[PDB]
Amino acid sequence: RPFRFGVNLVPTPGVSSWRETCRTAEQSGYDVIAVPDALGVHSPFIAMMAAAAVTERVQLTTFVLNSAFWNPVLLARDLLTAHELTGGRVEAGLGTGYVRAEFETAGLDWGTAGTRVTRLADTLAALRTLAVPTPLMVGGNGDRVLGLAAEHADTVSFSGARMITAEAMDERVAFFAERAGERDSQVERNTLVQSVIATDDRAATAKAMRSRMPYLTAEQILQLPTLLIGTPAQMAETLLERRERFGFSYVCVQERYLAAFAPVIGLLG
């Protein structure tokens, strides 16, 4: 699948630069602006509408909704509206929600880990039953969640982080592919790269980073799917290898790396 690149922007209360930041993302060549779903951050669909007003090309996605925060029928109302009123530019990433303090603050039942996955499952089933027009992404590495992505999702998002080894990712991607079966080729695979480390000596940088990861070898650090290290050409070759190995074609980076990663889009976008 052809590469698509996203940047995870955080619309922050009291910060007045939202429109400018979204323009910079589009002008820098990103294909997708992604926003989170958290307390203390701007509301995601409202922020996406403000982004749509100052951009023309990028897709706009949640990355990812906390299923505990949304009533499925009312979420389907939101998604239909966001689709129609942006001209079809909205996608919806969903996940389980993992911060207990946010449930407590909002007066929601934390339940059990399995109850929180069932909330995601029930939401996915309802959104498909209501035929929402927005493409759906499912994120999370748990067995059941990956099964739900295999069943319902247009895009599956794998977490790379406690950074996951390339060998551990092999096992999660293989587990997903077994669940997806004959659907496998119809599901785009996403991951979020947590750090983009520009360096003219990736070998020395990796060896030095054993300071913060003494439990990994330098080769293991250079193979961590959530880290990209080196020059733009090296980073592009790393992403090409990771698309072959893991199937990852939809790659997101964090806001602080927007400019650091942009040269890679010039080679692969």
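Residue numbers run from 1 along the displayed sequence.
Trainee: Please figure out whether residue 80 and residue 81 are truly consecutive in the deposited sequence or have unmodelled residues between them, and give none, 1 to 3, 4 to 9, or 10 or more.
Mentor: Per the record, no deposited residues are absent between residue 80 and residue 81.
Trainee: Mean C-alpha B-factor higher for 67 to 75, or for 95 to 103?
Mentor: Averaged over C-alpha atoms, the B-factors run higher in 95 to 103.
Trainee: Take the C-alpha B-factors listed in the entry for 199 to 207 and for 44 to 52, compute each mean, and give the stretch with the larger one.
Mentor: Here the higher of the two C-alpha B-factor means belongs to 199 to 207.
Trainee: Of 90, 161, 156, 124, which one's C-alpha B factor is largest in the deposited record?
Mentor: Each of 90, 161, 156, 124 was compared by C-alpha B-factor; the highest is 161.
Trainee: Whose CA atom has the top B-factor in the entry, of 39, 222, 35, 32?
Mentor: Out of 39, 222, 35, 32, the record gives the largest C-alpha B-factor to 222.
Trainee: Ranked by Cα temperature factor within the chain, is residue 183 in the lowest third, the middle third or the highest third?
Mentor: Top third by C-alpha B-factor.
Trainee: Ranked by Cα temperature factor within the chain, is residue 190 in the lowest third, the middle third or the highest third?
Mentor: Lowest third of the chain for residue 190's C-alpha B-factor.
Trainee: Lowest, middle or highest third: where is residue 216 by C-alpha B factor in its chain?
Mentor: According to the entry, residue 216 has a C-alpha B-factor in the chain's highest third.
Trainee: Which third, lowest, middle or highest, does the CA B-factor of residue 16 fall in along this chain?
Mentor: Highest third, going by the recorded CA B-factors of the chain.
Trainee: Residue 27: which third of its chain by C-alpha temperature factor?
Mentor: Top third by C-alpha B-factor.
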